[PDB]
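Enquirer: Dropping in model16.pdb, with PDB, N, CA and C atoms.
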MODEL        1
ATOM      1  N   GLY T   1       7.744 -12.316   8.276  1.00  0.00           N
ATOM      2  CA  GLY T   1       6.841 -13.446   8.411  1.00  0.00           C
ATOM      3  C   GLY T   1       7.569 -14.765   8.146  1.00  0.00           C
ATOM      4  N   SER T   2       6.843 -15.856   8.344  1.00  0.00           N
ATOM      5  CA  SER T   2       7.405 -17.178   8.131  1.00  0.00           C
ATOM      6  C   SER T   2       6.285 -18.189   7.882  1.00  0.00           C
ATOM      7  N   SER T   3       5.644 -18.595   8.969  1.00  0.00           N
ATOM      8  CA  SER T   3       4.556 -19.554   8.883  1.00  0.00           C
ATOM      9  C   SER T   3       3.300 -18.981   9.542  1.00  0.00           C
ATOM     10  N   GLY T   4       2.175 -19.180   8.871  1.00  0.00           N
ATOM     11  CA  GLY T   4       0.904 -18.691   9.379  1.00  0.00           C
ATOM     12  C   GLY T   4       0.457 -17.439   8.622  1.00  0.00           C
ATOM     13  N   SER T   5      -0.800 -17.077   8.833  1.00  0.00           N
ATOM     14  CA  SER T   5      -1.361 -15.906   8.179  1.00  0.00           C
ATOM     15  C   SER T   5      -2.636 -15.466   8.900  1.00  0.00           C
ATOM     16  N   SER T   6      -2.613 -14.228   9.372  1.00  0.00           N
ATOM     17  CA  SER T   6      -3.756 -13.675  10.079  1.00  0.00           C
ATOM     18  C   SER T   6      -3.419 -12.281  10.610  1.00  0.00           C
ATOM     19  N   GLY T   7      -4.302 -11.339  10.312  1.00  0.00           N
ATOM     20  CA  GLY T   7      -4.110  -9.967  10.751  1.00  0.00           C
ATOM     21  C   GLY T   7      -5.428  -9.358  11.238  1.00  0.00           C
ATOM     22  N   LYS T   8      -5.449  -9.020  12.519  1.00  0.00           N
ATOM     23  CA  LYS T   8      -6.634  -8.430  13.117  1.00  0.00           C
ATOM     24  C   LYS T   8      -6.610  -6.916  12.901  1.00  0.00           C
ATOM     25  N   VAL T   9      -7.665  -6.267  13.370  1.00  0.00           N
ATOM     26  CA  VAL T   9      -7.777  -4.824  13.235  1.00  0.00           C
ATOM     27  C   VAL T   9      -7.856  -4.460  11.750  1.00  0.00           C
ATOM     28  N   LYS T  10      -8.809  -3.594  11.436  1.00  0.00           N
ATOM     29  CA  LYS T  10      -9.000  -3.158  10.064  1.00  0.00           C
ATOM     30  C   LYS T  10      -8.193  -1.881   9.822  1.00  0.00           C
ATOM     31  N   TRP T  11      -7.915  -1.626   8.552  1.00  0.00           N
ATOM     32  CA  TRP T  11      -7.155  -0.447   8.173  1.00  0.00           C
ATOM     33  C   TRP T  11      -7.754   0.107   6.879  1.00  0.00           C
ATOM     34  N   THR T  12      -7.832   1.429   6.820  1.00  0.00           N
ATOM     35  CA  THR T  12      -8.380   2.094   5.651  1.00  0.00           C
ATOM     36  C   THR T  12      -7.341   3.033   5.035  1.00  0.00           C
ATOM     37  N   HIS T  13      -7.730   3.650   3.929  1.00  0.00           N
ATOM     38  CA  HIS T  13      -6.846   4.572   3.236  1.00  0.00           C
ATOM     39  C   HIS T  13      -6.445   5.707   4.180  1.00  0.00           C
ATOM     40  N   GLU T  14      -7.232   5.861   5.235  1.00  0.00           N
ATOM     41  CA  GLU T  14      -6.971   6.901   6.216  1.00  0.00           C
ATOM     42  C   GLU T  14      -5.722   6.560   7.032  1.00  0.00           C
ATOM     43  N   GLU T  15      -5.854   5.527   7.851  1.00  0.00           N
ATOM     44  CA  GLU T  15      -4.748   5.089   8.687  1.00  0.00           C
ATOM     45  C   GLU T  15      -3.494   4.877   7.839  1.00  0.00           C
ATOM     46  N   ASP T  16      -3.619   3.986   6.866  1.00  0.00           N
ATOM     47  CA  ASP T  16      -2.507   3.683   5.982  1.00  0.00           C
ATOM     48  C   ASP T  16      -1.805   4.984   5.587  1.00  0.00           C
ATOM     49  N   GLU T  17      -2.573   5.869   4.969  1.00  0.00           N
ATOM     50  CA  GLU T  17      -2.038   7.149   4.537  1.00  0.00           C
ATOM     51  C   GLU T  17      -1.390   7.879   5.715  1.00  0.00           C
ATOM     52  N   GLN T  18      -2.116   7.912   6.821  1.00  0.00           N
ATOM     53  CA  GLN T  18      -1.625   8.572   8.019  1.00  0.00           C
ATOM     54  C   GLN T  18      -0.290   7.961   8.452  1.00  0.00           C
ATOM     55  N   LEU T  19      -0.327   6.662   8.709  1.00  0.00           N
ATOM     56  CA  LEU T  19       0.867   5.949   9.130  1.00  0.00           C
ATOM     57  C   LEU T  19       1.971   6.152   8.091  1.00  0.00           C
ATOM     58  N   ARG T  20       1.576   6.058   6.829  1.00  0.00           N
ATOM     59  CA  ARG T  20       2.518   6.230   5.736  1.00  0.00           C
ATOM     60  C   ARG T  20       3.254   7.564   5.873  1.00  0.00           C
ATOM     61  N   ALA T  21       2.474   8.616   6.068  1.00  0.00           N
ATOM     62  CA  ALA T  21       3.036   9.948   6.215  1.00  0.00           C
ATOM     63  C   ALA T  21       3.758  10.045   7.561  1.00  0.00           C
ATOM     64  N   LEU T  22       3.094   9.540   8.591  1.00  0.00           N
ATOM     65  CA  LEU T  22       3.659   9.563   9.929  1.00  0.00           C
ATOM     66  C   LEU T  22       5.076   8.987   9.891  1.00  0.00           C
ATOM     67  N   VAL T  23       5.239   7.956   9.076  1.00  0.00           N
ATOM     68  CA  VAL T  23       6.533   7.308   8.938  1.00  0.00           C
ATOM     69  C   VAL T  23       7.559   8.328   8.444  1.00  0.00           C
ATOM     70  N   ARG T  24       7.334   8.807   7.230  1.00  0.00           N
ATOM     71  CA  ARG T  24       8.228   9.785   6.633  1.00  0.00           C
ATOM     72  C   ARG T  24       8.300  11.041   7.504  1.00  0.00           C
ATOM     73  N   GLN T  25       7.187  11.329   8.163  1.00  0.00           N
ATOM     74  CA  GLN T  25       7.111  12.493   9.029  1.00  0.00           C
ATOM     75  C   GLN T  25       8.382  12.611   9.874  1.00  0.00           C
ATOM     76  N   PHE T  26       8.560  11.639  10.756  1.00  0.00           N
ATOM     77  CA  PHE T  26       9.724  11.623  11.625  1.00  0.00           C
ATOM     78  C   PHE T  26      10.613  10.413  11.328  1.00  0.00           C
ATOM     79  N   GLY T  27       9.976   9.254  11.258  1.00  0.00           N
ATOM     80  CA  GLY T  27      10.694   8.020  10.982  1.00  0.00           C
ATOM     81  C   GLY T  27       9.980   6.820  11.606  1.00  0.00           C
ATOM     82  N   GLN T  28       9.758   5.808  10.778  1.00  0.00           N
ATOM     83  CA  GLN T  28       9.089   4.601  11.234  1.00  0.00           C
ATOM     84  C   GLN T  28       9.880   3.954  12.372  1.00  0.00           C
ATOM     85  N   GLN T  29      11.169   4.256  12.402  1.00  0.00           N
ATOM     86  CA  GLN T  29      12.042   3.712  13.429  1.00  0.00           C
ATOM     87  C   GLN T  29      11.366   3.798  14.799  1.00  0.00           C
ATOM     88  N   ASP T  30      10.721   4.930  15.036  1.00  0.00           N
ATOM     89  CA  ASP T  30      10.033   5.150  16.297  1.00  0.00           C
ATOM     90  C   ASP T  30       8.545   4.839  16.122  1.00  0.00           C
ATOM     91  N   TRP T  31       8.218   3.564  16.278  1.00  0.00           N
ATOM     92  CA  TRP T  31       6.840   3.123  16.140  1.00  0.00           C
ATOM     93  C   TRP T  31       6.111   3.435  17.448  1.00  0.00           C
ATOM     94  N   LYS T  32       6.709   2.989  18.543  1.00  0.00           N
ATOM     95  CA  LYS T  32       6.130   3.213  19.857  1.00  0.00           C
ATOM     96  C   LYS T  32       5.543   4.625  19.916  1.00  0.00           C
ATOM     97  N   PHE T  33       6.206   5.537  19.221  1.00  0.00           N
ATOM     98  CA  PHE T  33       5.763   6.921  19.187  1.00  0.00           C
ATOM     99  C   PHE T  33       4.658   7.117  18.147  1.00  0.00           C
ATOM    100  N   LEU T  34       4.905   6.581  16.960  1.00  0.00           N
ATOM    101  CA  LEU T  34       3.944   6.689  15.876  1.00  0.00           C
ATOM    102  C   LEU T  34       2.582   6.183  16.354  1.00  0.00           C
ATOM    103  N   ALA T  35       2.594   4.975  16.899  1.00  0.00           N
ATOM    104  CA  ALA T  35       1.372   4.367  17.398  1.00  0.00           C
ATOM    105  C   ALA T  35       0.604   5.390  18.238  1.00  0.00           C
ATOM    106  N   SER T  36       1.362   6.255  18.896  1.00  0.00           N
ATOM    107  CA  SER T  36       0.768   7.283  19.734  1.00  0.00           C
ATOM    108  C   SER T  36      -0.307   8.040  18.952  1.00  0.00           C
ATOM    109  N   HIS T  37       0.022   8.350  17.706  1.00  0.00           N
ATOM    110  CA  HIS T  37      -0.902   9.068  16.845  1.00  0.00           C
ATOM    111  C   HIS T  37      -2.226   8.305  16.762  1.00  0.00           C
ATOM    112  N   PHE T  38      -2.116   6.986  16.827  1.00  0.00           N
ATOM    113  CA  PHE T  38      -3.291   6.134  16.760  1.00  0.00           C
ATOM    114  C   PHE T  38      -3.631   5.561  18.138  1.00  0.00           C
ATOM    115  N   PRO T  39      -4.696   6.138  18.754  1.00  0.00           N
ATOM    116  CA  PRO T  39      -5.133   5.695  20.067  1.00  0.00           C
ATOM    117  C   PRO T  39      -5.868   4.356  19.976  1.00  0.00           C
ATOM    118  N   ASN T  40      -6.315   4.042  18.769  1.00  0.00           N
ATOM    119  CA  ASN T  40      -7.032   2.800  18.535  1.00  0.00           C
ATOM    120  C   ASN T  40      -6.036   1.711  18.129  1.00  0.00           C
ATOM    121  N   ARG T  41      -4.979   2.142  17.456  1.00  0.00           N
ATOM    122  CA  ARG T  41      -3.953   1.218  17.005  1.00  0.00           C
ATOM    123  C   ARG T  41      -2.813   1.152  18.025  1.00  0.00           C
ATOM    124  N   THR T  42      -1.741   0.487  17.624  1.00  0.00           N
ATOM    125  CA  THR T  42      -0.582   0.343  18.489  1.00  0.00           C
ATOM    126  C   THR T  42       0.690   0.181  17.655  1.00  0.00           C
ATOM    127  N   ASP T  43       1.811   0.092  18.355  1.00  0.00           N
ATOM    128  CA  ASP T  43       3.096  -0.065  17.695  1.00  0.00           C
ATOM    129  C   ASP T  43       3.091  -1.361  16.882  1.00  0.00           C
ATOM    130  N   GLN T  44       2.712  -2.440  17.551  1.00  0.00           N
ATOM    131  CA  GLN T  44       2.660  -3.740  16.906  1.00  0.00           C
ATOM    132  C   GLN T  44       1.766  -3.683  15.666  1.00  0.00           C
ATOM    133  N   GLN T  45       0.487  -3.431  15.908  1.00  0.00           N
ATOM    134  CA  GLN T  45      -0.477  -3.348  14.825  1.00  0.00           C
ATOM    135  C   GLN T  45       0.056  -2.448  13.708  1.00  0.00           C
ATOM    136  N   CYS T  46       0.628  -1.325  14.118  1.00  0.00           N
ATOM    137  CA  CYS T  46       1.179  -0.375  13.167  1.00  0.00           C
ATOM    138  C   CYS T  46       2.313  -1.063  12.403  1.00  0.00           C
ATOM    139  N   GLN T  47       3.407  -1.295  13.112  1.00  0.00           N
ATOM    140  CA  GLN T  47       4.563  -1.941  12.516  1.00  0.00           C
ATOM    141  C   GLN T  47       4.125  -3.142  11.676  1.00  0.00           C
ATOM    142  N   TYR T  48       3.271  -3.961  12.272  1.00  0.00           N
ATOM    143  CA  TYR T  48       2.768  -5.143  11.593  1.00  0.00           C
ATOM    144  C   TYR T  48       2.070  -4.769  10.285  1.00  0.00           C
ATOM    145  N   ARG T  49       0.975  -4.034  10.425  1.00  0.00           N
ATOM    146  CA  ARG T  49       0.208  -3.605   9.268  1.00  0.00           C
ATOM    147  C   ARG T  49       1.133  -2.977   8.222  1.00  0.00           C
ATOM    148  N   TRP T  50       2.231  -2.419   8.709  1.00  0.00           N
ATOM    149  CA  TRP T  50       3.200  -1.784   7.831  1.00  0.00           C
ATOM    150  C   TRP T  50       4.058  -2.883   7.201  1.00  0.00           C
ATOM    151  N   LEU T  51       4.761  -3.607   8.059  1.00  0.00           N
ATOM    152  CA  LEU T  51       5.620  -4.685   7.601  1.00  0.00           C
ATOM    153  C   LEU T  51       4.769  -5.748   6.903  1.00  0.00           C
ATOM    154  N   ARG T  52       3.460  -5.577   7.012  1.00  0.00           N
ATOM    155  CA  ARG T  52       2.530  -6.510   6.399  1.00  0.00           C
ATOM    156  C   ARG T  52       1.935  -5.906   5.126  1.00  0.00           C
ATOM    157  N   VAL T  53       1.503  -4.659   5.246  1.00  0.00           N
ATOM    158  CA  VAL T  53       0.914  -3.959   4.117  1.00  0.00           C
ATOM    159  C   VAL T  53       1.878  -2.874   3.636  1.00  0.00           C
ATOM    160  N   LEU T  54       2.149  -1.930   4.526  1.00  0.00           N
ATOM    161  CA  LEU T  54       3.050  -0.836   4.206  1.00  0.00           C
ATOM    162  C   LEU T  54       4.490  -1.352   4.199  1.00  0.00           C
ATOM    163  N   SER T  55       4.777  -2.198   3.220  1.00  0.00           N
ATOM    164  CA  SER T  55       6.107  -2.768   3.090  1.00  0.00           C
ATOM    165  C   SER T  55       6.252  -3.453   1.730  1.00  0.00           C
ATOM    166  N   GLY T  56       7.052  -2.835   0.874  1.00  0.00           N
ATOM    167  CA  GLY T  56       7.283  -3.372  -0.456  1.00  0.00           C
ATOM    168  C   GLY T  56       7.028  -2.311  -1.528  1.00  0.00           C
ATOM    169  N   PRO T  57       7.380  -2.674  -2.792  1.00  0.00           N
ATOM    170  CA  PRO T  57       7.194  -1.765  -3.909  1.00  0.00           C
ATOM    171  C   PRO T  57       5.719  -1.680  -4.308  1.00  0.00           C
ATOM    172  N   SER T  58       5.071  -2.836  -4.307  1.00  0.00           N
ATOM    173  CA  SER T  58       3.665  -2.906  -4.665  1.00  0.00           C
ATOM    174  C   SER T  58       2.844  -3.391  -3.467  1.00  0.00           C
ATOM    175  N   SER T  59       2.038  -2.483  -2.937  1.00  0.00           N
ATOM    176  CA  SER T  59       1.199  -2.801  -1.795  1.00  0.00           C
ATOM    177  C   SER T  59       0.248  -3.946  -2.149  1.00  0.00           C
ATOM    178  N   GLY T  60       0.361  -5.025  -1.388  1.00  0.00           N
ATOM    179  CA  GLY T  60      -0.480  -6.189  -1.608  1.00  0.00           C
ATOM    180  C   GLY T  60      -1.225  -6.578  -0.330  1.00  0.00           C
TER     181      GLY T  60
ENDMDL
END
Can the structure from this file be put into structure tokens for me?
Expert:
Amino acid sequence: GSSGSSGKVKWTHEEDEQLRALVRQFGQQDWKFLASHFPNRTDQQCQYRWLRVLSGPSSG
């Protein structure tokens, strides 16, 4: 990030957990694929929500 703040699409302990596991599952490296798991979500939203939420020692 840099300037601005705004994140669309909602996320619950479900997706987060899913994506979280999905990451370790094979590797976050392949988001385009991970997003596949989520027909409602996408690589961007995923990666984003990750690099936005699922990113750091303390989830904020």
Enquirer: Which residue is closest to residue 44 in chain T? Choose from T:5, T:15, T:23, T:32 and count all atoms listed in the file.
Expert: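 Looking only at the distances to residue 44 in chain T, the closest residue turns out to be T:32.
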Enquirer: Would you pick out the contacts of residue 50 in chain T at 9 Å or less, using only C-alpha atoms, so that residues sharing its chain but fewer than 6 positions from it are not included, and give the list as a tab-separated table (two decimals) with N, CA and C atoms, in the frame of the given file?
Expert:
chain	number	residue	atom	x	y	z
T	16	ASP	N	-3.62	3.99	6.87
T	16	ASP	CA	-2.51	3.68	5.98
T	16	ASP	C	-1.80	4.98	5.59
T	19	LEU	N	-0.33	6.66	8.71
T	19	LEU	CA	0.87	5.95	9.13
T	19	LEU	C	1.97	6.15	8.09
T	20	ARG	N	1.58	6.06	6.83
T	20	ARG	CA	2.52	6.23	5.74
T	20	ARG	C	3.25	7.56	5.87
Enquirer: If you run DSSP on the backbone here, which positions in chain T get alpha helix (DSSP H)? Please write them as a PyMOL selection string.
Expert: chain T and resi 13-25+31-37+43-52
Enquirer: Which of these residues is nearest to residue 45 in chain T, using all atoms listed in the file: T:59, T:3, T:21, T:9?
Expert: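 Residue with the minimum atom-to-atom distance to residue 45 in chain T: T:9.
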Enquirer: Pick from T:13, T:1, T:24, T:6: nearest to residue 51 in chain T, with only C-alpha atoms counted?
Expert: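 Going through T:13, T:1, T:24, T:6 one by one, the smallest distance to residue 51 in chain T is for T:1.
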Enquirer: Specify as a list in words each residue included when the PyMOL selection byres (((chain T and resi 43 and name CA) around 12) and name CA) is applied to this file.
Expert: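 With the shown file as input, the PyMOL selection byres (((chain T and resi 43 and name CA) around 12) and name CA) matches residues 19, 23, 28, 29, 30, 31, 32, 33, 34, 35, 36, 37, 38, 39, 40, 41, 42, 44, 45, 46, 47, 48, 49, 50 and 51 of chain T.
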Enquirer: Could you jot down the CA of residue 18 in chain T to CA of residue 53 in chain T separation for me, Å, one decimal place?
Expert: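 For CA of residue 18 in chain T relative to CA of residue 53 in chain T, the distance reads 13.4 Å.
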Enquirer: Taking all listed atoms of range 1-8 of chain T, build the axis-aligned box, pad each of the six sides by 3 Å, then write its centre and edge lengths in Å to one decimal as JSON.
Expert:
{"center_x": 0.6, "center_y": -13.2, "center_z": 10.5, "size_x": 20.4, "size_y": 18.6, "size_z": 11.2}
Enquirer: Report, in Å with one decimal, the straight-line distance from CA of residue 57 in chain T to atom N of residue 10 in chain T.
Expert: 22.2 Å
